Structure formats: structure tokens, C-alpha cells
> 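Please read through the structure below; I'll follow up with questions.
For the numbers below, each heavy atom of this structure counts, side chains included, while hydrogens, waters and symmetry mates do not. The sequence lines fix the lettering, A, B, ..., with proteins before strands; numbering per chain opens at 1.
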Amino acid sequence: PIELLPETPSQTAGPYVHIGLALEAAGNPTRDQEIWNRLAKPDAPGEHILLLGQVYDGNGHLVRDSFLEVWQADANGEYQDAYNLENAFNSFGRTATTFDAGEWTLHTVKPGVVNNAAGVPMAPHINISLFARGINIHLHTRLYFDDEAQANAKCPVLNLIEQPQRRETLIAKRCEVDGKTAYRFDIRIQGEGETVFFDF
Amino acid sequence: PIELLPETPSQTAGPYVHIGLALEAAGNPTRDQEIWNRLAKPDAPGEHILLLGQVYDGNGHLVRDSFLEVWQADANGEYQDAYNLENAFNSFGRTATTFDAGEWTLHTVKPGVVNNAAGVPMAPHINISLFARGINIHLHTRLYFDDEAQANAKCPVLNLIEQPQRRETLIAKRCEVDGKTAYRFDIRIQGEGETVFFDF
Amino acid sequence: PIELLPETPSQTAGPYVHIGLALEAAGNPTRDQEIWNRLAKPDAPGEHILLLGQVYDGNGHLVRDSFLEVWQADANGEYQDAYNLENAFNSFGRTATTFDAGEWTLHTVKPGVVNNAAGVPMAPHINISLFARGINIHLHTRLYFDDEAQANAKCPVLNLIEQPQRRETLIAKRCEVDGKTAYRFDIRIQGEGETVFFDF
Amino acid sequence: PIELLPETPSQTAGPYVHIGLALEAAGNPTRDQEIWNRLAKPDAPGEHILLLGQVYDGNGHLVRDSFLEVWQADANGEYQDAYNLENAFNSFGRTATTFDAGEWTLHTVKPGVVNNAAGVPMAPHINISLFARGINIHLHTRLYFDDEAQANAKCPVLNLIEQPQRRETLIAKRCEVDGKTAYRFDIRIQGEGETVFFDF
Amino acid sequence: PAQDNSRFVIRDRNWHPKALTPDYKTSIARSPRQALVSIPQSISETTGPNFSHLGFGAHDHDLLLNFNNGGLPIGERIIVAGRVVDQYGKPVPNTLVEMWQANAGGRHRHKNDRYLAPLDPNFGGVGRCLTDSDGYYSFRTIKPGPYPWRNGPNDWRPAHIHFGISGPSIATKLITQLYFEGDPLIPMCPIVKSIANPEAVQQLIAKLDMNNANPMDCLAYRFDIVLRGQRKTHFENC
Amino acid sequence: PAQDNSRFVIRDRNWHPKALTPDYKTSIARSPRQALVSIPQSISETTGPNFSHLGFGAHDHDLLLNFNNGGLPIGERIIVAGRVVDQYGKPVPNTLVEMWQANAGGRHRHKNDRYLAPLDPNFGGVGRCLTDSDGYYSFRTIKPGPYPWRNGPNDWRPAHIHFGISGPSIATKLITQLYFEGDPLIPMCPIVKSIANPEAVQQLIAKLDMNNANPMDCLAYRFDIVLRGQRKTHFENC
Amino acid sequence: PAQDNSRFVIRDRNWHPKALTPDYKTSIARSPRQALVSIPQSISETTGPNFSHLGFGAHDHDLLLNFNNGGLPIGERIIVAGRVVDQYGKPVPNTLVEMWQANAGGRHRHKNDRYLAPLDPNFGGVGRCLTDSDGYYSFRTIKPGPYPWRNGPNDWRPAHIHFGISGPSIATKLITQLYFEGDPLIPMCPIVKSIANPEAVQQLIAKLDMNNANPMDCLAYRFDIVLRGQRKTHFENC
Ligand SMILES: [Fe+3]
Ligand SMILES: [Fe+3]
Ligand SMILES: [Fe+3]
Ligand SMILES: [Fe+3]
């Protein structure tokens, strides 16, 4: 068969992942421009939400050194690739869980509907990439919202998961923190209630 | 040492196993003579029973595409190997679980007692072989009856299983389906309450 | 692929082929029972014919050391395999060309119609095998008759030859020698008017 | 020495060459635009001629499945490489011999004079490429005209052929088909009167 | 009735594929975590059904004619023949060989197959043959095509025909798959790679049989099946 | 009009198949007994047609849709892609690549094909594509099946697609055949064996391209064509 | 009468010697220029003569006694034995094996043999044997000597015995030559070199059989003959 150049192998982000990718969370001084957890500025269009969650290992214990990267569309269902800190909205962001803050946070807007390759509309989602020590190659997952039940049942990606019980793990539960709209998304890497991870 | 010709390796039955071994269940037209779930005809000697069960995987979910083959003795404790659809009893039969019927059924008579190689009597049992997608080499097991407690305690095969809690998995619970005597045998392939599988 | 035992390679019959297969023609004393050119005894059923012909090389010169073997059906279109010299007719025969007789002869009856594998009737023919020095592997050919023009045009074997001009080489011209029905069949191994040879 | 990438090996056009390069001749429906035997449209400059010929194998039999490609200059001696079906003249064209029409035809104008690399004028010629089953690598040849005797005697390409009797094979005889000027060019692939084939 | 007079050679579970083979995704939840309990052979294990009296139809082995809705299937006409022998080389006569496959495009005649390649209106994909006195079986069918499946993002099953062989007992019963000679998809399939030993993968590859091919008609493939060795009982119970 | 500014590398007639190859029967009467006359390259040989202005239809390269009589063809959906380069490695842009084949069963849509495998009512078997700026071409079709032919008593052509490539000149024009990876019928075919060097047979074998395959849809094969090297004229006529 | 129930494995004409082999001079004018026409096997080709009812003399296989003019021949007394099997390894019973050779000095009992080595008044050179139930044949003869021939200026044929085997049909009928183990003239002979493959020449070499030799009497040579594989018809005419 036809053999291409092999891809560079993945390695764990390591315990000190924060020094290079999450400077503030590492307790080290920051640079002028940093890629962080504020995707939307207070003046951006769409429903403003706060996202939080915890990451659990196979023994039900907290992962206090995880690093997450998010990729989502805007309120109109468009991906803003040109990253700039002066923009009202950026599609990319970065968050993490520290020993002080065993919970990660993300300030953004609720994403609009985007279509797949075949033209079938997918439910409002947030693409997540999980990195940490002990994770050799990053884990890919999606975050869905509970108040979007109608769209969730019609999603071509969510319906690709054979068992309905496993589809519930990708769904974030709506709560309210200080009068602000919030959704909680806990990730269970291994064991009971194990979150669905993707390959693409 | 002495090496003989190697046995042909096993491969999974696959998801579409039904088109070749369970034609009716595949929603395809049948041939004149088929090997199915009716081992005993209404005028056959012995206590007529109905067997039914479900198959579970490691996450406690139903295996809706499993294929099962059974081998049992008659009421007098004899193995009728000469398969013919004109016979009042046939020792062999096949059954399956479909997406429509996630439960298999088998119409037979309760088997008699047969001795082992050493001349020791074994308890009334039905030999079962399980095939499905995800199962590389078929699984062997036995179905014992709960109302045969005295014989089950004396069985030379059942007593080869070290732990008593594992022997219980091979025992079918007596129930009633439409005023007819029935026995329920659920197979748990993996996990908590895992069914004992044999090698011979 | 599947490889079987290789066939024993062919070699030329050689110049002295006559000493072992044509004893009389070699000028050596014969044995009690010999396989020769009289397939039909004067009392056999069917139209009694005499066959003669010469064998030419690529330079138009005569081959005076050729050995031929024939295989044909009887007047009813049946192959008599059990060779016996007491039979009125035998399907097999042997002839040759010597330095004295540069022409071969064969006394037999005209063969009846036989069908092919598909059940399509072939025209009356005689299967010929040609052996000689310079011929490494024997040549297979068929003899057809000119007074059977209707059947010759409908023959599934004769119509397999692309060019009509080449089909005429397998057709023997009718003549009369001493008030006896005769057909002349000249074989041209190479060059102009080259006879069609088969592979099967 | 210096080795370059090897050229892809040639393979025969095969018997069914027509389904892909001569759709109409294959008895199949044509596409909107096809490359066929009409090089010149009625209103094109130059002397309009009709070319026709037959192809013979080594046994003097017709090659009823041959495919021919032609490349020629216009009346002014220029090569029109930009193929378009709207053009009054196209320097390229294809033709073929079928079982129905064992003769190919080509409608074009007589080509003008073109110089070689050395600046020496070549006689009016048509470059031909012959493809068919049995021909592993296509044969190149040229078609010269008999009424151009003066130019044919001076041609630097025609004079590269040592023997004068072989040059005559490349010369097309002038005839008349339906009051129209025609030239006959028969190709003999093998044998007596064999057509000169080129290598460049 | 059947008797206990035979013993079968113990299965080499390192030759056969293991239960847990991670690359074949569905095998993770469908494989025992506990070990198989080893039991001695008795009349229950050493006996099995005989199918000599089953009413076989005329075209049960001919997949080119057993479905038929006024036509012939599109695809490479092939003959799949071979012999069924045990580990000792002894032929296994009057045994049931069953087979199933996809069409020339890789589409099965099942409701769960949602693959975009069309169904052949003249092809079913089921076949059964009882072996002769020397253990020979034969089928006439079209060569199946590869098909994609939801395992990895770009996983493709090689061209195969599934096989089911009964044998003298339930201990000899086997379900396997036949693969075709030289198919480049064979070393890439996770189901094939579930078998660790490459010499074992070779037993599953059917070889082109030109000697068994019908000239101007159809090609042939040879596939020999080897079942567990059958021996007579000796020195048992002293 | 076209000009004489290019020279083409001389063909290696020992790499290419010879005219007389006895095992391929039809080549006996159709091969020159006399030697080819060697002539220098002139404007007649170094020029050739450009097909950039030809009116290509939308589905001219898509054999899955260019015939269509209310359906899709039965067979293994495949993409046949590759690059056309010269001996120097230089891409050949805006060139004509034409192809033809049999159906999944080995039957051509021609009156002379009397083979018993049925015709696919949704398959024609013709395709044409003009290469892009980098020399790339692509076709979408079904994998053809092998077919028997009257040569030897049991001769079978391997699965192939015939190819026709024009190139910059009539000197570069080529007709060849593409064969598929791992096909056991390749070392047995007399037409293939007409090529003496086995390294040359390798250039005709299209390799499985998993990287170019559309997941859950169709497989892909890579076939690169190398034409005669084109160089500029130097020190001619002094 | 005989019936059409058998099919024979197609001959490998690249294994057998070619018709045109220039070093063997006489083959130049006695070889076809045109290709052989391939025809399917019918009753004419699949049937053949059976010589079970032919009346063999008591000494027809014994060349030491079948000529006899009051004495024994001069030369190395040998037994030429072997078995006649087909390509499947199946024995060929009740078949006709005919053989001829020259004397110890390379002289044949024929009028055209003008070689200066004298004739042996007690040796003819002809033999015939009908194979038994297991396909075995046996001959008793003297080892023939080599002889020169008008081909090259110094050409010598190795020590050989010509053989003619009938088989179950005319499709299996073969004429060949047996050679002796270690003879240095074998790699030099043009008739032997008519065979391109050196493994094919090995099949014609008779090996010394000390086991089958008669102590204080005669030596023995083993020569097995392999005829075309015979198989039953299957899936014909549907
Ligand atoms: Fe580190
Ligand atoms: Fe499958
Ligand atoms: Fe000799
Ligand atoms: Fe072709």
C-alpha cells in the first residue's frame, strides 16, 4: 500500500504542563498576550454562559493537574479562526484545574448550530481536548447542553453512540452561579459513568 | 514434542450471522428445512418446558445480535444425534436475540440424567454455545435447573468450580410464561455476576 | 496459488520411433498382437473408407519418419475404448510414413456425430496426434470430410478458428482408389497452408 | 551512467479499445464532444481529400479491430495543436476499422510542407499511430502521396530508408470515391510488402 | 443414540484469537474477565448432531441460483471448494458446512446493513453443503467485495465469506472466516489481527485454484478446514 | 501553431514489451518481422494536440454517474487517482487521460464480448479526465473483475483498467493497463509477461491508497504514470 | 462405449519443451509458425483406449528374453521400475507403457541406423507393460549406450530409453525419454536443453534404486511418470 511520512508520536503533557501553557495557573509571571479562559468579552452577541466542571480518574479521585482546550462556534454558528485578543469573541480558549482550584472555569457564549459534511445540523456543542500526566495521547470529547433536548435527539454525532446511557455523559447540567447562567460538565476518564471520547 | 496439523483459527460470527444461520430472524425468506428453536414437538415424551433469557455485556447492556446453539439429552437421558425434522425430539437446536426480540426463546423438554466418563451421574443440563460480534471464539456454558437442587449439589462438573457463588450463575430460575413451565437463564459475558464459561 | 505435481515433460519420439511403436514398418519381426492401421474389419457397420495423406515440413519437403495415432467414434457416434483385436471395430489405431512409403494409410469407417460438453453436435471428425523427430511435443489436429459441408459449417470446434481460410486445412478431399471410397489428408506442419493444430 | 525515472511500460490497446476511444464504433452512445475522423470542416482552406485503407496481418488477413490516430499539418504547413470542435481544421483525429466496416476513413485536407530540425523541407505527410490487440506497443508510420513524386524524392526522412522498394509502402495511391479526391493507404504489419514503421 | 468412545485434542487457545483484543472495539465489553473453567470430556461434549437426514434443496450450495428473481448475479463467478480434515489428517465425512457473505459491492441482505452500495436483486448470500465420503465440499458464488464498518474511522473488512463447520461433535464446532489470496486489506484488519501468530492467519487465506476453474466460465479457490483431532479412548478409569 | 523547441528522451524498447511475444498468441501475426527505421525528431514528432478547450461533461470522470439509468453500479466503489510526470520528475499539466474497463463481473459493454457474466444496467465503463496544474487526475469507478479469453485453454486476464495518456506530443502518447495490488493472476497473464523485466511490471501495479479513501464510502488506488522526458534543444545545427 | 465425465488439467506449455528450439536443428522446419487453437474438452478429448484386453506375450516386458537367438544380450543388466500417477498423485491403473532403446553400444535395430557400433544378435530393443492396480510397471533390459548424431559436428545423445504412456485419455498420451543418474552428457544435449526449466529436466532422470536391485544379478533404476491431473466435471452448463 501507499505509505506516507509517519506522524510525530504523542507524549504526555506532563505534571508541569502549566509552566508552558497556563502561566498564571503555574504561579509564574505572564507575558503581554496570553491564550486563556475568556473567549467572550462582556459586549459579545449571544447568550452569555459560564462553564465549570471537575475531572475524575478511575478511582473517583480528582485530577488536579489537567489542561483543557476548547473549540466552539459563535452565536451565529460560525468558527472564528483568526485569534486576536481585541475581538469580542474568539472560538478558541484554554483552561486548567490546579491544586488550589480543582475545578476549571470558562467564560463564553452558547454556540449556534453548525452542519456536518452531509448538511445535517448538529446540536449546539463545544469541542474539548483533554491533556494531563498519565494521558499519553489527548482525549477528544464534546459538551452538549441539557436545555437543548430536541436538538440533542436529532444530532448525527450523538446518535453514533450505540448506547443511550453513554450519550448522557456528554450532556452538561444547567445550574446558576451568582445570577449568571452556568452549565456543569464533569469528566470521568475511567470507570463508572465513563465519558465518551472520540476519534477523528 | 509431537506436533499435529493446527486447527483452523476461529473468527467472530459477525453482526450479520443471521443471514446464514438464522434466516427468518434476518427478515429473509427461509428454505424448506431449517434448524431452529423447536427441539420437541407437542407429542414428545417428557416434561415440556420453555427456555428464555437475555445476554448482557460488560456495561450491563443487552447483546441484541447474539446467536446460540444448544445440545441436550432427551427425557430418558439419551443424545439423539440423527437430526431429522420428522422426529418428535431433536437434541440440537439454534436460537437468537434480535433488535425486535432482544430475548431468545427455546421450546424443549427437561433433559434426563447422563453419566460422565467415570460413571458418576451429572445433573440435568443443557450445553450452550454463544456466538456474536465481538466474540472471537465462541463461549461454552451449561444451563442447570433450580428445582434440581439435590442433583446440582452432587454434579461432578458443577463441583469443579471452586467458588459456590459462581455455580449459581449456571442455574436457571423457574418461572411461568402463559401457564407453561419456564426457566430463565441470563448470560452475563463480563463483569459483576459473570457467567461461568467452560473449556474442554 | 495451488500447485500440483508437475507433468512429466515431453520429448521427441526420435528417428527410430518405429522400432517400439511400428514394428512392421521398422522392418523388424512383429509380436502376436499389434496396434495398427486396420480399425475396421470388412464386416463392420457403416460406410467403409480408406484414408491417406502425406506430411510436409516448412520447406515443402516430405517427412518420411512421422508416426500418427488416431481416435474416432463408430458409425453410431460411439467411442469404443475397450481395445481388442477380435472386435469388428476399434476406435484407436496407429499409422506411419516410411522412406519406402512416404504416404500413410488407414482403413476404417466414417465416424458418426458426437456432441460436445454443451450438447451441440460436432461434424464427423477424426482426432489425430502427430509424432516425429524435430517435434518436441506432439501435434493435435482433426480430420473433417468435404462431403459433410452442411455439418462442417455448424461445428462448434471448427467455428472456433477465427479465419475461414484456415478451416479448409482440416478438411480432407474425397477421391477414389480402386473402387473404394477414399479421402486425402495432407498435413503441412509449417509455412504456406499450415494445418490448424489444437490445444486442450 | 545517468538513469532517469523509467517510462511507464506499454500494453496492448486490447480488443475492446473502442468502448473508450471510439464510442460510436463500439455501438455505444456518444458524449457531447468526441475526437473522431473529421479533421476538416467543409469551409476549411486547402485541397479537401478523403483517406481510406485496410490493415493486414502476417497471413494477409484483415485486422478488423485496429485503432488509428493521425497527426498532420494544415494546407499552409502549420500544426494546429489547440484542439477545438469549433475550428475549421484540427491537426489531430482518430479513426478505426470495425467488423462492419473493415476499412477506416478519414476526412481531411492535404498537408503543407514543414521543415525538419536542419531546415530541410519534408514532403507532404500524415503521421499515423496504429493500435490493436496483439500490438504491445503502438506502431508509428507516415503516409506520403503519389502525386508528390518530386518532393518525395527529396524528403530527408524518406531517404533514411536504405532500400527504395520499402519507401513505396509509405506512399498512398490516388483514387476516386464518389467524384471526390481520395488516397488509399493499406498497412501491412507483417510479411511480404511490410509497411515501414518508425522509431523516434 | 450416540456413545462416548471419542476424545478430542485440547484447543490451543494461543493459536486461536484471544477474547480481549482492544483494536477490535466490540470485544472490550464482550469478553470474559474471569478465566474459563477447564472440565473433562464426557458424553455431553464428545457427541454432536449428524445432519445426513436433513432435506437439502437442489441449489443450497449454488448461490448463483438459490435466490434467483429472473437473473444472474453481478460479480466474479467463483467456485469455493476444499476438504474438511481433523488434526490427524483423517477426513471428516457427512459434516455440515454453512456459509454466508456480502455481494460484489460489500452489501449484505440484512436490515442492519445501511451501507450505500446497492443490493443485487439476484443474490441472497447463503449456502450450505454436506461433505462427501472423503470430506470434500464445494460452493459456487460470486466474490464478495470489501466493506467499511464503524470501528476505527477508516476501517475496511477484507473480502471474506463466513464459514460454519459442525464436525463430529459440539467440541469440534467452529465458525471462522475465509479470506482471499493477496488481498492488501488482510494485514490491516483488526479482526484478522486478533490472531497473534501470522502462520495462523495463513490458514484462513484461500488460495487461487486454476486446476479447479471451469475454462471460459468461473475461477476457483481452495480452502481446507482443519478441525480438532479425534482419537479413541485408552486407559481411562484404569 | 506549435513550435519545435523540445526533444524527447529515446524510448527503451527493452523495458517496454517486445512486438513478438509468442505466449500472447495474437502477437504472432501482428508483429513486424523487419526492424523499425530510426528517424530524428522534427516538428512532426515533437508536437502534439492540446485538449484544454475540449468540452468535458460534468460526470466524464465519474463512472458511477456517467451512464446512469436510475441507479448505482454493483461492485467495489473505488477512486483511481495519481500523477502524470515525465522521466525528469517534471509534472505534465493539462494533459488527456482516458480510461476504459469491464464491470464487477468482467463483462464489457461491447457487442463482441460474449462472456456469460451479465451487464450492469447502470455501468458504461468509459472515463476521461484532463490533468490539473500539478499533473493530478482522478476517477471514481467500480473495481473490474477478471475475465477469460481465447488464448490458452484456461487463460484469465487480471482485474485491470486500460489507460490512454496523450502528453505534450505524439512521441509521448501511451496506452497501457493498470493492474491491482496483490492480484494472484498478475504473474500468470501472457499480456503482463510480454514485459521481460519484473521491475517494469511493478510500475503497472496500482497500490492501495487508504489516505485517499473516503471513510464509509469508497476505497482508493494510486497510479502514477511516467512519460518520456522532455528537454530543451541544445547545440543543434551547431 | 465411453462417457464424458472427466476433465484434465491444462498443460503448462512453458514447462514442456517449445516447438521451436534452434539448437535441435530438425525442429526448425518441423515446428508450427502459427499459434495453437485452444478448444474446450469434449468426449473426443476426454476419452481414450483401454488396453486391458490386449494379449501381451509372457516376455513382452523382458528385453533380455523377448528377442533371444540362443543367448543373453551383452551389457549392464538393469530393472527399470516405477509408478504412473497423475498430478493429484492418484495412481493410473491398467495403462499402457511402451518403451524402446538401443543396445550397449548405442546401435538401434533399424535400417536407417548406420552407426559403426555393431548389433547385438540377442537384443531387439522393444518392450511393453500394462500397469497394475497401483500404477506400477517394470522392465528388464540392458543399459543403453550413448550415440552420435548429425546435428552439431560433435553431438552425442546421452544414454536413454524412449517411453510412451497412454493414460486414461488421448489428452494424457505422452511420449518422453528417460535419462540415467549422473550421466555428464545430459547438460550438453540439445534435445535435453529444449526444456527451459532445469527442474523439468530432473523429472526425466532415473535414479539408482539399490533397494529394488537383485543381488549378484542386476541393478535397478526408478522412474516415476506424472500424467495430467484428472478431475470430475462440476458446475457445467449451470
Ligand atoms: Fe517533563
Ligand atoms: Fe462479515
Ligand atoms: Fe533415441
Ligand atoms: Fe481488456
> To the nearest 0.5 Å, how far apart are CZ in F/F139 and CG in F/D60?
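That separation rounds to 9.5 Å.
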> Say whether, by atom type as modelled, one donor and one acceptor occur between the side chain of F/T131 and the main chain of F/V97 under 3.5 angstrom.
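It does not hold such a pair.
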> Please check this pair: side chain of A/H125 against backbone of A/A123, looking for a donor-acceptor N/O pair closer than 3.5 Å.
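A pair under 3.5 Å: yes.
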> Using a 3.5 Å distance criterion without hydrogens, assess whether the side chain of A/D178 forms a donor-acceptor pair with backbone atoms of A/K180.
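Not a single qualifying donor-acceptor pair exists.
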> Counting only N and O atoms by type, is there a donor-acceptor contact under 3.5 Å from the side chain of F/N94 to the main-chain atoms of F/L130?
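Such a contact is absent between F/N94 side chain and F/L130 backbone.
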> Does any part of the side chain of A/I49, heavy atoms only, come nearer than 4.5 Å to the side chain of A/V109, both counted from C-beta?
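Not touching, per the 4.5 Å side-chain cut-off.
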> Considering only NZ, NE, NH1 and NH2 on the basic side and carboxylate oxygens on the acidic side, decide whether B/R133 and B/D65 come within less than 4.0 Å.
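Yes, charged N to carboxylate O under 4.0 Å.
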> What I want to find out is whether A/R94 reaches A/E24 closely enough, with some N-O distance under 4.0 Å, to be called a salt bridge.
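A/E24 and A/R94: not salt-bridged.
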> Short question: side chain of A/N84, backbone of A/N87 - any donor-acceptor pair under 3.5 Å?
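No.
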> Is it the case that over 12 heavy atoms from other parts of the model lie below 6.0 angstrom from the CZ atom of E/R150?
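Incorrect, the count does not exceed 12.
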> Do A/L170 and A/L143 have side chains that get closer than 4.5 Å, going by heavy atoms?
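Answer no - side chains too far apart.
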> Is NZ or CZ of F/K207 both nearer than 6.0 Å to the six-membered ring centre of F/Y221 and within 45° of the ring axis?
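F/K207 over F/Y221 ring: no.
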> May I ask you to check whether E/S27 and E/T21 show a side-chain donor-acceptor distance below 3.5 Å?
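Yes, a side-chain donor-acceptor pair sits under 3.5 Å.
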> What do the steps show when you test A/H138 against A/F131 for ring pair (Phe, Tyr, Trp, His ring centres under 6.0 Å), and what is the final call?
CA-CA 5 Å; A/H138 56 300; A/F131 306 83; 4.9 Å; yes
> Would A/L52 and A/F185 satisfy side chain to side chain contact (heavy atoms under 4.5 Å, CB included), going step by step from the backbone distance to the final call?
CA-CA 6 Å; A/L52 57 313; A/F185 190 58; over 6 Å; no
> Does one side chain, of A/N59 or A/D57, offer a donor that lies under 3.5 Å from an acceptor on the other?
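Side chains of A/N59 and A/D57: no pair found under 3.5 Å.
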> Are E/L185 and E/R157 close enough that some pair of their side-chain heavy atoms sits under 4.5 Å apart?
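Not in contact.
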> For residues A/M122 and A/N115, determine if any side-chain heavy atom of one lies less than 4.5 Å from a side-chain heavy atom of the other.
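With C-beta onward as the side chain, the pair stays apart.
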> Applying the side chain to side chain contact (heavy atoms under 4.5 Å, CB included) criterion to A/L68, which one of A/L106, A/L130, A/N37 satisfies it?
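That would be A/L130; it is the only one of A/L106, A/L130, A/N37 passing the side chain to side chain contact (heavy atoms under 4.5 Å, CB included) with A/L68.
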> Between E/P22 and E/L20, is any pair of side-chain heavy atoms under 4.5 Å apart?
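A side-chain contact exists here, since the closest heavy-atom pair is under 4.5 Å.
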> Between E/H160 and E/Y147, what is the ring plane arrangement, given parallel below 30°, perpendicular above 60°, and tilted in between?
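Correct class here is tilted.
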> A/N159 and A/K154: which non-hydrogen atoms are nearest, and at how many Å?
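Scanning both residues completely, I find the closest heavy atoms to be ND2-C, 3.9 Å.
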> Check whether any side-chain N or O of A/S129 sits under 3.5 Å from a backbone N or O of A/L139 as a donor-acceptor pair, and report yes or no.
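No: the side chain of A/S129 does not pair with the backbone of A/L139.
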> Show your reasoning for whether side chain to side chain contact (heavy atoms under 4.5 Å, CB included) applies to A/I35 and A/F92.
CA-CA 8 Å; A/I35 303 143; A/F92 190 74; 3.7 Å; yes
> Please report the interatomic distance CG(E/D155) to CE(E/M188), rounded to the nearest 0.5 Å.
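Separation between the atoms: 10.0 Å.
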> Going from CD1 on A/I187 to CD1 on A/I189, what distance comes out if it is rounded to the nearest 0.5 angstrom?
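Answer rounded to 0.5 Å: 7.5 Å.
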> Would you say the side chains of F/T141 and F/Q101 form a donor-acceptor pair under 3.5 Å?
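Result is yes, a qualifying pair exists.
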> A/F197 and A/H140: aromatic ring centres closer than 6.0 Å?
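Not close enough - the centres of the two rings lie 6.0 Å or further apart.
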> Does a side-chain heavy-atom distance below 4.5 Å link F/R77 with F/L64?
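Yes, at least one pair of side-chain atoms sits under 4.5 Å.
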> Would you please test A/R167 and A/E162 for salt bridge (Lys or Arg N to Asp or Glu O under 4.0 Å) and show each step?
CA-CA 9 Å; A/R167 295 177 186 146; A/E162 288 191 74; over 6 Å; no
> How about E/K111: does its NZ atom have over 12 heavy atoms from other parts shown lying under 6.0 Å from it?
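More than 12 heavy atoms, drawn from other residues, nucleotides or ligands, come within 6.0 Å of this atom.
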> Flag the pair A/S10 / A/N136 as yes when at least one side-chain heavy-atom distance between them is below 4.5 Å, and no otherwise.
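In short, these two side chains do not touch, never coming nearer than 4.5 Å.
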> Can you establish whether the number of heavy atoms outside A/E47 located under 6.0 Å from its atom CD is more than 12?
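More than 12 within 6.0 Å, yes.
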> Would you please test A/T108 and A/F89 for side chain to side chain contact (heavy atoms under 4.5 Å, CB included) and show each step?
CA-CA 8 Å; A/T108 185; A/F89 186 72; 3.3 Å; yes
> Can you tell me how far OH of A/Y144 sits from OH of A/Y183, rounded to the nearest 0.5 angstrom?
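Rounded to the nearest 0.5 Å, the OH-OH separation comes out at 15.0 Å.
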> Would you say that F/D62 contacts F/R140 through its side chain, given a criterion of any heavy-atom pair below 4.5 Å between the two side chains?
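F/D62 vs F/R140: side chains touch.
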> Above 12 or not: heavy atoms from other molecules or residues under 6.0 Å from CD of A/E34?
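Correct, the count exceeds 12.
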> Spell out, as yes or no, whether a donor-acceptor pair under 3.5 Å connects the side chain of A/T195 to the backbone of A/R188.
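Yes; judged by distance alone, with no hydrogens or angles, the pair exists.
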> Taking the ring of E/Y115 and the ring of E/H108, is the distance between their centroids below 6.0 Å?
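Ring centres of E/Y115 and E/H108 not closer than 6.0 Å.
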> Quick one about A/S91 and A/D81 (side-chain donor to acceptor, distance below 3.5 Å, no hydrogens or angles considered), yes or no?
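Not at all, the side chains of A/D81 and A/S91 share no donor-acceptor pair under 3.5 Å.
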> Describe, in one word, how the ring planes of A/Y79 and A/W71 are oriented to each other, choosing from parallel (under 30°), tilted (30 to 60°) and perpendicular (over 60°).
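Rings of A/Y79 and A/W71: parallel, under 30°.
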> Between F/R222 and F/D224 (salt bridge meaning N to carboxylate O under 4.0 Å), is one present in this structure?
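F/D224 and F/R222: salt-bridged.
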> To the nearest 0.5 Å, what is the distance between OG1 (A/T141) and CD1 (A/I126)?
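Rounded to the nearest 0.5 Å, the OG1-CD1 separation comes out at 11.5 Å.
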> Working to the nearest 0.5 Å, report the span between CG of A/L50 and CZ of A/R184.
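It comes to 11.0 Å.
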> Are the side chain of E/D183 and the backbone of E/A159 linked by a donor-acceptor contact shorter than 3.5 Å?
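It does hold such a pair.
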> Begin with the C-alpha distance, continue with both residues' side-chain angles, and end with the deciding distance and a verdict on side chain to side chain contact (heavy atoms under 4.5 Å, CB included) for B/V63 and B/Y56.
CA-CA 6 Å; B/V63 179; B/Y56 295 92; 5.9 Å; no
> How about CG on D/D32, more than 12 heavy atoms from neighbouring residues, nucleotides or ligands closer than 6.0 Å, or not?
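At most 12 heavy atoms, drawn from other residues, nucleotides or ligands, come within 6.0 Å of this atom.
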> Name the one of A/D74, A/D147, A/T181 that satisfies side-chain hydrogen bond (donor to acceptor under 3.5 Å, both in side chains) with A/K110?
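The residue from A/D74, A/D147, A/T181 that satisfies side-chain hydrogen bond (donor to acceptor under 3.5 Å, both in side chains) with A/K110 turns out to be A/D147.
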> Would a distance-only check, ignoring hydrogens and angles, find a side-chain to backbone donor-acceptor pair under 3.5 Å from E/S31 to B/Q190?
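Checking the backbone N and O of B/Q190 against the side chain of E/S31, no donor-acceptor pair under 3.5 Å is found.
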> Are E/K25 and E/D23 ion-paired here, with the side-chain N under 4.0 Å from a carboxylate O?
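No, no charged N to carboxylate O under 4.0 Å.
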> Hey, are B/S66 and B/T97 close enough side-chain-wise for a donor-acceptor pair under 3.5 Å?
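Their side chains do contain a donor-acceptor pair, which is all the 3.5 Å distance test asks for.
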> So, the side chain of F/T95 versus the backbone of F/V92: is there a donor-acceptor pair under 3.5 Å, distance only?
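No, the answer is negative, given that no donor and acceptor are paired below the 3.5 Å cut-off.
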> How close do E/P153 and F/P215 get, heavy atom to heavy atom, and via which atoms?
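The answer is O-CB, 3.3 Å.
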